[PDB]
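The basis for the numbers below is simple: all heavy atoms, side chains too, and nothing from hydrogens, waters or symmetry mates. The sequence lines fix the lettering, A, B, ..., with proteins before strands; numbering per chain opens at 1.
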Amino acid sequence: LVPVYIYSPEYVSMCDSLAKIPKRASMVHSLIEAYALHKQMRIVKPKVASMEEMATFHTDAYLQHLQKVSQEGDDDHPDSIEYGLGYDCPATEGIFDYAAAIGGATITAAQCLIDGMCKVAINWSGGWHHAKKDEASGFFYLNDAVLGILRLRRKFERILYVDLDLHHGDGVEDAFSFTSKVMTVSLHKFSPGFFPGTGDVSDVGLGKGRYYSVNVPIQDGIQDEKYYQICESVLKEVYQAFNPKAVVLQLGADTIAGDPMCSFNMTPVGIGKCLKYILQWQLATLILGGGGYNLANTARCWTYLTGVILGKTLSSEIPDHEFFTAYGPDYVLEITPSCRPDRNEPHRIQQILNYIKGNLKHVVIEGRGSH
Amino acid sequence: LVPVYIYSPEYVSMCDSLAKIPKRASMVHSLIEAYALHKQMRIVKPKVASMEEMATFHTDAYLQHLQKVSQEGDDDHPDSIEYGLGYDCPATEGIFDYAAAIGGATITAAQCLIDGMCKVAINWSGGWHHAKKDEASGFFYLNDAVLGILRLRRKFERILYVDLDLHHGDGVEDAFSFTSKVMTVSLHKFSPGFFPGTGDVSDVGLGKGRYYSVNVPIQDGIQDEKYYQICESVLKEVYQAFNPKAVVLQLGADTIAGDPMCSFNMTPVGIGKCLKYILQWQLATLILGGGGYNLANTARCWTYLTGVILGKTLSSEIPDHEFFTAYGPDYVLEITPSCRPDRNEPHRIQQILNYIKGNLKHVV
Ligand SMILES: O=C(CCCCCCC(=O)Nc1ccccc1)NO
Ligand SMILES: O=C(CCCCCCC(=O)Nc1ccccc1)NO
Ligand SMILES: [K+]
Ligand SMILES: [K+]
Ligand SMILES: [K+]
Ligand SMILES: [K+]
Ligand SMILES: [Zn+2]
Ligand SMILES: [Zn+2]
């Protein structure tokens with residue numbers, strides 16, 4: 001079918017106001033439009049999440065606080081720190097609207113998958129995977145990934161969450177840590193001192209969800225080839241062991257070379273092969289954005305990935321558009337890896353893969369109501 | 001005889017409004033106050049920099065552009081992007097006031113050194129070393145470090161600028177890249193892709209300023225002892241060859257273990273050891289802050305350093321105060337290094353030191 005593209009001019013404008021990534025939404029969309037990729041997609045206007053929809057994960061008390069702060073702006077409300085607001089997650093005007101819009105956008109995309117409208121639905125402004133039920137975290141206030149998965153859960157019994165952001169998707173993993181309906185897989189930088197500090201290979205979920213959480217700790221400097229070897233290896237084992245019926249894929253672009261966080265050393269081509277491998281499963285796939293703080297590079301990456309979804313090859317020259325001047329000095333779509341070492345010892349990587357393969361041996365495929 | 005401490009309730013309050021580091025000024029000050037360190041210091045209220053004083057480095061067109069944005073906002077002004085305003089340096093109300101306040105505080109501190117008022121003057125909310133003469137850069141809109149050096153030049157023949165921030169102090173180095181009367185030494189993370197991307201060991205300044213710029217490219221995971229070995233080794237040769245008459249020291253705390261940038265693996269003790277070595281010279285020293293994005297750790301670091309300057313030993317236990325709850329889970333002054341590898345191979349490090357020693361044979 002034709003992939004669904006969650007978009008409206010109001011939605012993009014709303015997302016443009018996110019304090020940590022100002023104007024990133026417009027840069028991403030305008031580049032995608034400049035390559036005319038929206039013409040080959042089914043543009044679907046996002047619905048704003050209702051209170052009840054957001055409440056599927058978040059507590060009423062926290063949501064009401066976000067609502068209060070959203071009006072009164074950045075006063076120093078006595079309870080804001082308790083709800084994770086502050087440095088990482090600024091308590092400014094309109095944050096409840098931003099939450100409701102992004103959350104609802106991911107829910108809308110999920111509903112498109114359910115209603116069989118498409119096999120792939122895209123919400124590049126989604127993918128905020130840190131927020132807890134009662135606490136903002138990691139640059140955002142709501143966990144739209146969880147809300148998307150919870151929506152898909154209405155129809156799908158086995159859901160695979162794949163998180164390729166530079167950071168560990170702790171919020172999503174924690175949300176489903178005790179259940180086996182949702183398997184979380186996160187490839188991320190894992191290093192003492194690095195946010196959020198969780199997600200070692202030994203972290204496998206708890207209770208009845210034990211072994212239904214997969215973590216792949218990776219060090220600085222990893223490039224396309226080695227990343228894909230790890231990803232395909234893990235994903236092949238996961239697919240075989242878990243047999244998912246629907247996929248939610250987070251594609252945070254803070255792994256891409258040039259990102260100020262300067263950790264991984266990836267290009268969108270590498271992420272693209274991971275995406276390709278997931279696509280050929282031909283399952284309902286919910287595509288999400290996430291981190292990405294080299295704004296022009298993030299637009300580069302997600303535009304390319306959009307092209308991969310459409311099975312189209314894009315021209316190297318960045319076409320003229322609103323933000324053309326931000327693509328200097330070369331004004332091309334390709335991204336060149338930085339000249340720095342890959343700190344990943346192959347035998348450590350292999351040991352990690354071995355642990356994971358062993359963990360997945362414990363994974364069964366049971367139907368609703370088993371035994 | 002007693003160190004000058006640049007402070008006023010209004011100054012700290014204004015610095016709290018900096019977008020990239022909210023509340024950090026109050027956290028630093030309240031912890032210093034909680035240790036009663038301000039009682040052993042001479043509290044000097046900072047004066048606001050005038051357009052003339054800021055003009056000693058920054059162009060009038062840029063300065064007037066800041067004031068326009070500061071009195072209005074980001075009305076998508078077409079020239080803002082050219083003046084460095086944007087992602088790193090947001091164009092909001094009050095940015096001119098912020099710049100004038102911090103610049104004027106570094107100038108006030110420098111003026112204290114001149115008036116024989118002290119041998120150490122401190123401006124923790126200063127140390128913003130990236131901004132160009134006509135362009136905002138690196139989380140701030142003004143180069144207060146440069147403005148401080150220029151003020152000291154009204155008295156001292158030779159100024160040594162030591163930059164121990166995680167990032168290359170490119171704004172300062174570039175401002176004095178052609179001159180021999182100001183020498184810049186910067187220890188920083190140097191790795192392709194890491195801001196600002198400059199400051200290799202081969203970069204030594206230009207023209208008459210050749211060899212009067214020192215850069216020490218360091219990799220991730222460096223801890224206290226190795227760092228001080230490098231810093232002492234460099235500053236030993238520098239002091240012996242350049243013979244400074246005044247020192248401007250930038251102590252950005254983004255090198256400290258626990259910083260979200262997660263690059264270096266330092267504790268305030270290692271930095272303090274570098275600071276003691278500089279204070280040993282007994283020259284007029286201008287203390288500056290800078291980076292530091294683990295806000296509690298930054299307060300921890302600069303409170304400790306304030307104690308080093310006063311020659312005092314602080315209690316291990318964080319005393320109760322306004323931000324006490326932010327000091328968990330251990331509530332202690334000391335910071336523990338992260339269990340990360342040091343990526344600095346000793347051969348490359350020693351080769352860098354030789355290269356620097358070689359360059360320092362031309363300075364006389
Ligand atoms: O994309 C992300 C990043 C959100 C978490 C941010 C971690 C905290 C951090 O990096 N803070 C920081 C970095 C640089 C300067 C100041 C603060 N997660 O998926
Ligand atoms: O401390 C400083 C300021 C450094 C400014 C670094 C700008 C690049 C950067 O780190 N950007 C960034 C990081 C995380 C999230 C968003 C942007 N200088 O010494
Ligand atoms: K991840
Ligand atoms: K699970
Ligand atoms: K430095
Ligand atoms: K110089
Ligand atoms: Zn991330
Ligand atoms: Zn810095």
A.B. asks: Are side-chain N/O atoms of B:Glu334 and B:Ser316 paired as donor and acceptor at under 3.5 Å?
C.D. replies: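 Checked: B:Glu334/B:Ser316 side chains pair up, N/O donor to acceptor below 3.5 Å.
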A.B. asks: To the nearest 0.5 Å, what is the distance between CZ on A:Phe194 and NE2 on A:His167?
C.D. replies: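 Output value for this atom pair is 3.5 Å.
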A.B. asks: Could you check whether any side-chain N or O of B:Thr303 sits under 3.5 Å from a backbone N or O of B:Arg300, counting only pairs where one atom can act as donor and the other as acceptor?
C.D. replies: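 Not a single qualifying donor-acceptor pair exists.
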A.B. asks: Examine distances only and state if a side-chain atom of B:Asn265 and a backbone atom of B:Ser338 form a donor-acceptor pair shorter than 3.5 Å.
C.D. replies: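 Yes, because the side chain of B:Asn265 sits within donor-acceptor range (under 3.5 Å) of the backbone of B:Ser338.
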A.B. asks: Can you tell me if A:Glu135 and A:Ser137 form a side-chain donor-acceptor pair at under 3.5 Å?
C.D. replies: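 Side chains of A:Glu135 and A:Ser137: no pair found under 3.5 Å.
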A.B. asks: Taking B:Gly127's backbone N and O only, do any of them form a donor-acceptor pair with B:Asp144's side chain (distance below 3.5 Å, no angle check)?
C.D. replies: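 Between the backbone of B:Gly127 and the side chain of B:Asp144 there is a qualifying donor-acceptor contact (under 3.5 Å).
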A.B. asks: Is the closest basic N to carboxylate O distance between B:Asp342 and B:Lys226 below 4.0 Å?
C.D. replies: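 Salt bridge: yes.
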A.B. asks: Does B:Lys20 count as lying over the ring of B:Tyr87, i.e. NZ or CZ under 6.0 Å from the six-ring centre, within 45 degrees of the axis?
C.D. replies: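 Flagged: B:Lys20 positioned over aromatic ring of B:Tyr87.
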A.B. asks: Should the pair B:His29 and B:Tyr7 be assigned to parallel (<30°), tilted (30 to 60°) or perpendicular (>60°) ring geometry?
C.D. replies: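 It falls in the parallel class, under 30°.
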A.B. asks: Quick one: does A:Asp163's side chain get under 4.5 Å of A:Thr184's, heavy atoms only?
C.D. replies: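 Of all side-chain heavy-atom pairs linking A:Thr184 with A:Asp163, none is under 4.5 Å.
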A.B. asks: Taking only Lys NZ, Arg NE, NH1 and NH2, and the carboxylate oxygens of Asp or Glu, determine whether B:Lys23 and A:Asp76 approach each other closer than 4.0 Å.
C.D. replies: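 So B:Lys23 pairs with A:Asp76 through a salt bridge.
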A.B. asks: Between A:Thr198 (side chain only) and A:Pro196 (backbone N and O only), is there a donor and an acceptor less than 3.5 Å apart?
C.D. replies: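 No.
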A.B. asks: Looking at A:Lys132, is its backbone amide N or carbonyl O close enough to the side chain of A:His58 to form a donor-acceptor pair, meaning the two atoms are under 3.5 Å apart?
C.D. replies: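 Yes; judged by distance alone, with no hydrogens or angles, the pair exists.
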A.B. asks: Between A:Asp134 and A:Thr59, is any side-chain donor less than 3.5 angstrom from a side-chain acceptor?
C.D. replies: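 There is no such pair between these side chains.
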A.B. asks: So how far is it from B:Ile287 CD1 to B:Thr306 OG1, rounded to the nearest 0.5 Å?
C.D. replies: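 These two atoms lie 9.0 Å from each other.
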A.B. asks: Using a 4.5 Å cut-off on heavy atoms from C-beta on, say whether the side chain of A:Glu173 contacts that of A:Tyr212.
C.D. replies: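 Sidechains of A:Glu173 and A:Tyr212: no contact.
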A.B. asks: How many angstroms lie between atom CH2 of B:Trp128 and atom CD1 of B:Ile102, to the nearest 0.5 angstrom?
C.D. replies: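 Answer for the CH2-CD1 pair, B:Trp128 versus B:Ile102, is 7.5 Å.
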A.B. asks: Checking B:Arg340 side chain against B:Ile222 main chain: does a donor-acceptor pair fall under 3.5 Å?
C.D. replies: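 Checked: no pair found.
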A.B. asks: Donor-acceptor pair, distance only, cut-off 3.5 Å: does the side chain of B:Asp254 make one with the backbone of B:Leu166?
C.D. replies: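 Flag set: sc B:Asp254 to bb B:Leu166 pair under 3.5 Å.
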A.B. asks: Ring centres under 6.0 Å, that's the criterion: do A:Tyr161 and A:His129 meet it?
C.D. replies: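 Not under 6.0 Å, so no.
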A.B. asks: Describe, in one word, how the ring planes of B:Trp124 and B:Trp302 are oriented to each other, choosing from parallel (under 30°), tilted (30 to 60°) and perpendicular (over 60°).
C.D. replies: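 B:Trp124 and B:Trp302: parallel rings.
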A.B. asks: Check whether A:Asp259 reaches the backbone of A:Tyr293 with its side chain - one donor and one acceptor, N or O, closer than 3.5 Å.
C.D. replies: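 Answer holds: yes.
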A.B. asks: For the side chain of B:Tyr141 and the backbone of B:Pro90, is there at least one donor-acceptor N/O pair under 3.5 Å apart?
C.D. replies: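 Side chain of B:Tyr141 to backbone of B:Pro90, a donor-acceptor pair under 3.5 Å: yes, one is there.
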A.B. asks: Can any side-chain N or O of A:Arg24 pair as donor or acceptor with the backbone N or O of A:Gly292 at less than 3.5 Å?
C.D. replies: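 Between the backbone of A:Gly292 and the side chain of A:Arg24 there is a qualifying donor-acceptor contact (under 3.5 Å).
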A.B. asks: Quick one: pull up CG in B:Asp165 and OG1 in B:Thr255 and give me the separation to the nearest 0.5 Å.
C.D. replies: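 Rounded to the nearest 0.5 Å, the CG-OG1 separation comes to 7.5 Å.
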